[PDB]
Amino acid sequence: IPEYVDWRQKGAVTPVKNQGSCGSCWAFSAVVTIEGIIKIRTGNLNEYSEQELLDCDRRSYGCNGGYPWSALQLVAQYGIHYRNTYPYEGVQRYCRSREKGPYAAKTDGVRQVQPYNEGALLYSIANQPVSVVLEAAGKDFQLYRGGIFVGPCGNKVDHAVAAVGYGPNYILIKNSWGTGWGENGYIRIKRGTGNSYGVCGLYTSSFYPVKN
């Protein structure tokens, strides 16, 4: 695998979004991975619907939190609409998939990256964007304005984001807190520290969609 990967440069990453006050990180994270795998397989970059996952994944808890793996399982079984057909409202409402017509895209499955293994995560990122979790509760993470982030932070993961690249000393993450946070909405988190949990617990629970 290469020394530097940035899926933004390959045209596989859409603009940065803002989840607002709703605890819908899990849905945003999952959608970044769908947007990426569809571009990689078909050549087209489209935006897909976070709102539909919020409304329709009844295993998750809407704006009170959820699970990227369940959102990805839902897309493998049912499918997902375009963001413009089912736009983000920031509040959970009723599942409107059927009234909005045929799904726009569908995946074939979900896979978990081996946990607590930096190399396994880099290999996955080299193939496509990946859904990852980290601890975002600490003030240092919240006030991050740029640079390679080393903490402080513990490993009490509470926020789902997406890994879209890496370099020699960092992993590149797309967050869903708008373009004014971090590096135009992104954060570079240090890698290679030998902490098996990863900085801020980054290697705890990572998933990606499968599409043939």
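Here Swiss-Prot sets the residue numbers for chain A, with the shown residues being 134-345 in order.
Recorded method is X-ray crystallography, 1.6 Å.
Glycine is no exception: its Cβ is also placed from the backbone N, Cα and C atoms.
Here Swiss-Prot flags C155-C196 (among others) as disulfide bond. Long-range Cβ proximity for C155 (disulfide bond), meaning a same-chain Cβ under 8 A and a gap of 6 or more residues, is found for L187, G195, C196, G223, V224, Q225.
In sequence order, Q152, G198, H292, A293, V294, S309 are the residues of the chain that are 6 or more apart from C158 (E64 binding site) and have a CB within less than 8 Å of its CB. The feature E64 binding site is assigned by Swiss-Prot to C158.
Per Swiss-Prot, active site is recorded for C158 (among others), and the stated evidence type is experimental evidence. Secondary structure at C158 (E64 binding site), as computed by DSSP, is helix.
The feature leupeptin binding site is assigned by Swiss-Prot to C158, with experimental evidence given as support.
Swiss-Prot lists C189-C228 (among others) with the feature disulfide bond. The secondary structure of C228 (disulfide bond), as reduced to three states from DSSP, is coil rather than helix or strand. Other C-beta atoms found within 10 angstroms of the C-beta of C228 (disulfide bond) number 16, with every protein chain shown included.
For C286-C333 (among others), the entry in Swiss-Prot reads disulfide bond. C333 (disulfide bond) carries a helical DSSP state (H, G or I).
The number of other CB atoms found within 10 A of the CB of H292 (active site), across every protein chain shown, is 21. Under the three-state DSSP scheme, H292 (active site) falls in the strand class. The active site feature in Swiss-Prot is assigned to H292 (among others); the stated evidence is experimental evidence.
Of all Cβ atoms in the shown protein chains, 28 besides its own fall within 10 Å of the Cβ of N308 (active site). Annotation comment: Swiss-Prot describes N308 (among others) as active site.
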Those disulfide-bonded residues listed as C189, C196, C286, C333, and which of them has the most Cβ atoms within 10 Å of its own Cβ: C333
Three-state secondary structure, which DSSP defines for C189 (disulfide bond): helix
Nearest of the disulfide-bonded residues (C189, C228, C286, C333) to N308 (active site) - Cα to Cα: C333
